[PDB]
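Here are the chains, one letter per residue:
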Amino acid sequence: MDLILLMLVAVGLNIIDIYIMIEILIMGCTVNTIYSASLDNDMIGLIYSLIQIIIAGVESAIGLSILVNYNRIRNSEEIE
Amino acid sequence: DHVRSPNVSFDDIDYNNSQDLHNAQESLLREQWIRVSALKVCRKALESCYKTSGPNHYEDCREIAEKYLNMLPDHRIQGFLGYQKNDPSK
Amino acid sequence: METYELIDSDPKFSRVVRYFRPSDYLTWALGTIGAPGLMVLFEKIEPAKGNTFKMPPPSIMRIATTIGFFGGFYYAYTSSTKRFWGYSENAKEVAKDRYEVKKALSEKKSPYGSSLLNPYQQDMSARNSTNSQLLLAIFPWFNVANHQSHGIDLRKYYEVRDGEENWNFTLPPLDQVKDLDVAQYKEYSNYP
Amino acid sequence: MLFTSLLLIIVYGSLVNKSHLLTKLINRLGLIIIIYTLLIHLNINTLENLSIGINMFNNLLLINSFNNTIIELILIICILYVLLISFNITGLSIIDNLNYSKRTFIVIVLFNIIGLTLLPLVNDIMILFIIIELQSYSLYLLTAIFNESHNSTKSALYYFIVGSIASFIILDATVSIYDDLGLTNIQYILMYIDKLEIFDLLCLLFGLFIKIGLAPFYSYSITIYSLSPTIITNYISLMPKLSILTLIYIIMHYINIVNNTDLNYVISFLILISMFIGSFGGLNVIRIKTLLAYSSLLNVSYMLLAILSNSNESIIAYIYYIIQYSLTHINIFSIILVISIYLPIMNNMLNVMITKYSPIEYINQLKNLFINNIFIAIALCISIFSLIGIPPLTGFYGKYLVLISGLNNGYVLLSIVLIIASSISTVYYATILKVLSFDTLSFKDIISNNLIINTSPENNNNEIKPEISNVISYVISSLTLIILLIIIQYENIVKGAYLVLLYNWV
Amino acid sequence: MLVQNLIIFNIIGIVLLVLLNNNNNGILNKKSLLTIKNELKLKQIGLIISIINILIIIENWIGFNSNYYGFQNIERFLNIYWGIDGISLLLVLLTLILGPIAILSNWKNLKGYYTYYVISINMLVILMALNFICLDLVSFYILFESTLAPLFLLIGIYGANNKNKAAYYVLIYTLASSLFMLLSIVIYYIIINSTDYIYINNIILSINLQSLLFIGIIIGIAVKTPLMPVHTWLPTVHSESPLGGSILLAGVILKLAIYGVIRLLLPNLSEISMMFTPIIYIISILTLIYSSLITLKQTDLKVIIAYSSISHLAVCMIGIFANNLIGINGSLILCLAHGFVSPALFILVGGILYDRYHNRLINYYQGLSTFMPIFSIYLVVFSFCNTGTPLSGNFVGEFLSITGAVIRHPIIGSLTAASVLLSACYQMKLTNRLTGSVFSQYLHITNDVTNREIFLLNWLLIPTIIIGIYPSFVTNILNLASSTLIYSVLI
Amino acid sequence: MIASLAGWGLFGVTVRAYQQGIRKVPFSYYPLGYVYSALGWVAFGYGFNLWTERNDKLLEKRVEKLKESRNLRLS
Ligand SMILES: CCCCCCCCCCCC(=O)OC[C@H](COP(=O)(O)OCC[N+](C)(C)C)OC(=O)CCCCCCCCCCC
Ligand SMILES: CCCCCCCCCCCC(=O)OC[C@H](COP(=O)(O)OCC[N+](C)(C)C)OC(=O)CCCCCCCCCCC
Ligand SMILES: CCCCCCCCCCCC(=O)OC[C@H](COP(=O)(O)OCC[N+](C)(C)C)OC(=O)CCCCCCCCCCC
């Protein structure tokens, strides 16, 4: 089903909706790592997952900062 | 002065020795230029006879005419690439 | 390939500083005064604003000296390290190193020093700081721990070389040297 | 030395007062830091010892003579870039003061050099993801360093989204590898190089292919490069390829152990497609930076053929090409940052809006450079002639060496297409040379006083007043003669590349 | 000595000329002495360097031995081994001789920037001269392609109305094809690990791999010596390039492609050259017949001479692929004779008429033998030489090339004899029209040939008739060199 | 070996001479400039020859091993 690229129908029509899809996409990677690590009883996989959660947070903050300044750049008359 | 030809054959040398291989090519070139020089001499003998004989040129110049038409196909420059790169025995 | 004797695959930080040659201090001094000079040299090359030479403000010269103070030390630290690894001239250090170790084994103390770090922590520390000077141009990392993975065979400090027997040091068998792996696992095979 | 000095620059910059002279002086502090880094690096790191390959920091980082070559190259090219922001590129206060309006510019650049230099050394999938983010995050910030600009911010937003998807693909490949084997260290994975799905390493490459702008992903790179300020485009269009292409070469070195043909066909499909777009794309373009964006894609296509072939001659082809292409790229962009002083000024039709971010934006703004400055026009001509591949410049030896590596491994189809694609691309390199010179003899005697350079004040009227600053002129001249006169020392340089090893040994 | 003296002096000369002209640029307007008389001092220094280049080679011509087989004057400079043999020596002599003549032809007919033109002309001549004296395929290719950078700029800067089309033609035609010659050079470096001439002459390759390398190399050659159907660049470039660029592009650049056969095809790819020789004859005979017929319908004066260049070069390729000494010696003498007659015509057509009336259309010129008699004597004299009249050096080249063609292949090689008739059709029609009927009603009476333009003509005609009357000057150098190119095993 | 640094220095003179044209100044401007650009490249030229001589020593030793490996292959 997803070979027809169904996930494109599931992503909204705003720049903020793309940002969320990136997080939900990466969330799948971390859940996959936690799954393998627990079955193998391997904590190295859990170190990887902890890094992925922390790195996925820094990516969100930078992306939102760019989006925020993108928004105020239009609303930059400020001649009052 | 009159340099002597380095009489050398492709069949006795190693082509890895590019100094000797050069002589085998230079020796095969020089002998061929002799045959043309031999040929040009023989043709001169034919020309005197025909001019001197006149009507009898068919008789007094019989074997020279025969020999000249025999040496003509092979008394020409042929290079060395033919014999260097081919093996008649095989 | 210029190869010499491997004094220490992971030289300790305090050892590396104590082994600076006078020339190493010169490099540290040159690096310290080079960075403020390079700022001046650029201004002589090209003024920052305008068209005429203007001495940079003193505040820039103080931060420039600090930046060149670490850079000079880092260059000094890496050059001193090559000698330990054997990549450079280390005959002078080899005798100096051998004198300290032969003295150390003689007092039955460990050559490597006593350590707060347990067996796993000692070996883990060695992994981080071994060959860490290769990226010392990018970020700093020093061997500040008394571990035991130095890439040498302590047997080689028993044989006497030229000019050493005069030291008259007595070396006990390694089995009686305090704080060594060959002298710790006497009661249990997994506890030192 | 890099990391320690970065903290000092971070703190110091946040203390002193916001001014252009202090901002420009701090940029000259970073130029020292990068220089100091190179002296410490070259001191401890040697080709003769790093030949075997040395593990560092609990095997997370592995360094050998192939990686070590690029770290020094990256440091060198980062010196030539910082010279732009640290000195005058024109000397006209209006145009130049843009480079000094930002105090965190040099800090972010120093952040990236740490990111760039560590990426080729990675040896763990856990640190591969961390380092690739450190480099990726630094580029987005540098793209948006001029936060007032509408196009710059729009580009960083486009850059962040594409890179985020690119990083997710990279992260997902590593997770899949960990799922199969449970191992994170790359050396431990090599023990199971025959037991794992080799296409999961290809999914890793598909993420690194996005970040170098390879077709079909080329669309965003062309848009990004044609919107950022020319000083920014000069950095973000070259540096990522220096450190990612080195990483791609190593990953392909491990991949060719099992010599899977299906992997090579897909990559050949992308290399073949990219040459087509890299050549036919630039035929119909007006913006110079869009032109150099298509030019960049074509050269990356050539450099992948050397990577894809991956033999003993592929190290030589890649090591030489990546060096000459960087110097050519710096030389061309440095000239474009200078020749903006010869632009005319209105006293109309087509309403072309120019900004202080890209004063030179269109190819026909290079018009009559043969008249305004003949010496620098030839330098741009020599640089473009290298990109064309006219011998005996540096560019010819790059294509000649790449062809050897390509054909020696049986890539006949790609070798012919690259030679077709090179000739097609010569059309749009020739247009730059057509604009530079072809209308010289009609314009030879013209009354020109409306140039931007004619708004410079007259100092004395007795002393000689050079038109171009000192440092930028010396860099342009040096790299133009190195490009032109490589034939003199070519044999030594190539024999200096035979020694760069990646586990060849014996 | 040779190459080292030939490069170092020319580099010194180029630097000297640049220093003198660009000194006064500065920040102030300059009215110096070197600009006076249209850069006359700077043009003179350019003309002297062309004469001195000839003196360098003659210093080494004296040492040349005609009875030694093998490269002489071998030296290594820039990690490249150079050298001279019989064939290469004469082509070098032709290339440097056209140096002063190319510069002298453009003495006062450029709108400006004479220093740039003088530097480029001496640069192109040196690059082409050095192309005959290298000893590896890679260095051959380097010099074979480096001439594009000045030639493309020179034609674009100094060209005629369509200079942009002409510039875009020489750059792309001669690069998109010579890149195919790079592929076959690369493959030689992959299997043999060397591209040196001598090393690769002794190796035999598989007859499949011989066919690939030949196809690659002959693609790069069929464009430089324009063979149909890839000749479309030459007529366009000739009609638009500067007059000096036409003398080099016709005098020398075409002959680099015949020399390409001598080094790159016959010695090392000898077995596959025999196979392609029937095909080469088909392409060249059709080039000979079609180029002659196409010329009959042309209108531009300088195009008409351009196509006459293609017909002769087809005959040169016909002779050189004949496997005998007669064809090879004839082809090389024709290249030398065409190297003087072809530039002479462009002077007559694009250098004497075009500098007076500035129009190349044939319709405006007729009856020129009335008020320009000295022009019509040389046009008549050079018309005959261009068509193989027995006393010129072209007849010796064409007769031998035709003779060698029949020897190699009696049936189809005999069609080369159509060169004698067709060359007289388009050429004599052009001359008969120019110097016939009443003087044209569209032109105005002006000066006849000036003293400079007589000097150019006399010294392109004098070498032509010496080679015609006594061609053994060329032959005594060629014979031992040209005899190493023949492949035949007779038993 | 001085002649090798002589050539490198003369390349240093060319770059400063080529810098003058780009700046559009008389070629006699600031004669001390040619000394600095000359000495800069002699420093580079000095190091460059050290690097190439170092390459010769390394390449001779590597080829010693490569020749042996080929003989094992050619058995
Ligand atoms: C051991 C050898 C070291 C040599 C010196 C190196 C540092 C250069 C600084 C000299 C002092 C200076 O900058 O002097 C100033 C001069 C002249 O400047 P100008 O253009 O006339 O400006 C106008 C001057 N007014 C104000 C008088 C009008 O600048 C130069 O000529 C710079 C030369 C370029 C740097 C050469 C470095 C080559 C790098 C090669 C390695 C890859
Ligand atoms: C034997 C090989 C040696 C290497 C030569 C390298 C060329 C660099 C010369 C720079 C000198 C300069 O920029 O000077 C400019 C000079 C002379 O200009 P002008 O008419 O006097 O000035 C004009 C302005 N005025 C009159 C108002 C003052 O023109 C040249 O450049 C011509 C030669 C180079 C053109 C083609 C370059 C292609 C490079 C690639 C070749 C493979
Ligand atoms: C306006 C001007 C237009 C142009 C005019 C032409 C100028 C010619 C200058 C002559 C100089 C000369 O003679 O150089 C001679 C010197 C030293 O030669 P050597 O000691 O024998 O070294 C060995 C040389 N082999 C192999 C010939 C024997 O080599 C050089 O410095 C080389 C020039 C530098 C090229 C760039 C490579 C180095 C940087 C690497 C980064 C990729």
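Rules used throughout
Residues numbered from 1 in each chain as written, not as in the entry; some residues may be left out. Chains lettered and ligands numbered in written order. Part of a larger assembly, values for the part shown. Heavy atoms only, no water. Axes fitted to C-alpha atoms, helices over the stretch in contact; angles between N-to-C directions. Helix = DSSP H or I, 4+ residues; strand = E, 2+ residues; numbered from the N terminus. Parallel < 35°, antiparallel > 145°, perpendicular 65-115°, else oblique. Contact = heavy atoms within 4.5 Å. Nonpolar A, V, L, I, M, F, W, Y, C, P; charged D, E, K, R; others polar. Salt bridge = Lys/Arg side-chain N within 4 Å of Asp/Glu carboxyl O. Buried < 20%, exposed > 50% of the residue type's maximum accessible area, 1.4 Å probe, protein only. Disulfide = S-S within 2.5 Å. Buried area = accessible area lost by both parts, 1.4 Å probe. Polar contact = N/O pair within 3.5 Å; in protein donor to acceptor, adjacent residues only side chain to side chain. 1 Å grid on protein atoms, 1.4 Å probe; cavity = no way out; pocket = protein on both sides within 12 Å on 5 of 7 lines; lining within 4 Å. Points joined across faces, edges and corners; volume = space filled by probe spheres on them.

By the method listed in its record, cryo-EM, this PDB entry was determined to a resolution of 3.34 Å.

Moving on, we come to the packing of helix α3 (residues 86-105) of chain E against helix α21 (residues 472-482) of chain E. Residue and element names in this part refer to chain E. Their axes nearest at 7 Å, the elements α3 and α21 cross at an angle of 140°. What the angle tells us is that α3 and α21 run oblique. Every residue of α21 that contacts α3 at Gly86, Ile87, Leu89 and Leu90 is listed here: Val474, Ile477, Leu478, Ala481 and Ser482. Considering only residue class, the contact of α3 with α21 consists of seven nonpolar, two polar and no charged.

For the structure shown, the criterion picks out 25 salt bridges over all chains. Note that B:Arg62 is salt-bridged to B:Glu66, the shortest N-O span being 3.4 Å. In this pair, B:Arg62 and B:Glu66 both sit in helix α3 (residues 62-71), four residues apart, roughly one turn of the helix. Accessibility expressed as a relative area gives 35% for B:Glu66, which makes it partly exposed. Taking the shortest distance from any N to any O, the salt bridge between C:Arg15 and C:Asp8 comes out at 2.7 Å. The burial state of C:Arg15 is the same as that of C:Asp8; both residues are buried. One salt-bridge network, in which partners are shared between bridges, spans C:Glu5, C:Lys156, C:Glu159 and C:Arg161.

What follows deals with the state of the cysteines. Applying the stated criterion across every chain yields a total of one disulfide over all chains. Put simply, B:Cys49 and B:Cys61 are joined by a disulfide, and their sulfur atoms are 2.0 Å apart. Residues B:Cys49 and B:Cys61 share a disulfide whose torsion about the S-S bond is about -90°; that sign makes it left-handed. Here B:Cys61 lies in the loop between α2 (57-60) and α3 and B:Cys49 lies in helix α1 (residues 18-53), a separation of twelve residues in the sequence. The pair formed by B:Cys49 and B:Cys61 is uniform in burial state, with each residue classed as buried. Its sulfur unpaired, A:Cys29 is 12 Å from the next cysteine sulfur, which belongs to D:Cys203.

In this assembly, 47 residues from chain C lie in contact with 47 residues from chain D. Together, the buried faces of chain C and chain D total about 4,200 Å²; carbon and sulfur atoms form 69% of this surface. Between the two partners, chain C and chain D, sit one salt bridge. The residue C:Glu43 makes a salt bridge to D:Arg28 at a minimum N-O spacing of 3.1 Å.

Turning to the side chain of D:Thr394, a few remarks are in order. Residue and element names in this part refer to chain D. The topology assignment puts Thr394 in helix α18 (residues 394-408). Owing to a relative accessible area of 4%, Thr394 belongs among the buried residues under this scheme. Within the structure, the side chain of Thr394 is placed 3.2 Å from the side chain of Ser386, a separation counted as a polar contact. If we ignore the near neighbours within four places in the chain, the residues touching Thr394 are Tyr320, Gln324, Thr328, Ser386, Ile482, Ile483 and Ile486.

Residues and elements named next belong to chain D. In this structure, the largest cavity encloses a volume near 250 Å³. Considering the residues around the largest cavity, the lining is formed by 22 residues, among which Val122, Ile186, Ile250, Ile251 and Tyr254 are closest to the centre. Secondary structure elements with two or more residues in the lining of the largest cavity: α6 (125-143), α8 (186-191), α9 (199-211) and α12 (239-255). Here the element with the most residues in the lining of the largest cavity is α12; it accounts for four residues. Looking at the lining of the largest cavity residue by residue, the class counts come to 18 nonpolar, three polar and one charged.

Once that is clear, we can look at the interface of chain B and chain E. The partner chain E presents 24 residues to the 19 residues of chain B that form the contact. For the chain B and chain E pair, buried surface summed over both sides reaches about 1,900 Å², with 59% attributable to carbon and sulfur atoms. Put simply, chain B and chain E have zero salt bridges between them. At the boundary of chain B and chain E, one finds seven residue pairs in polar contact. A per-element tally of the side of chain B that touches chain E places α1(B) first, with seven residues. Of the residues belonging to the side of chain B that touches chain E, the class tally is nine nonpolar, seven polar and three charged.

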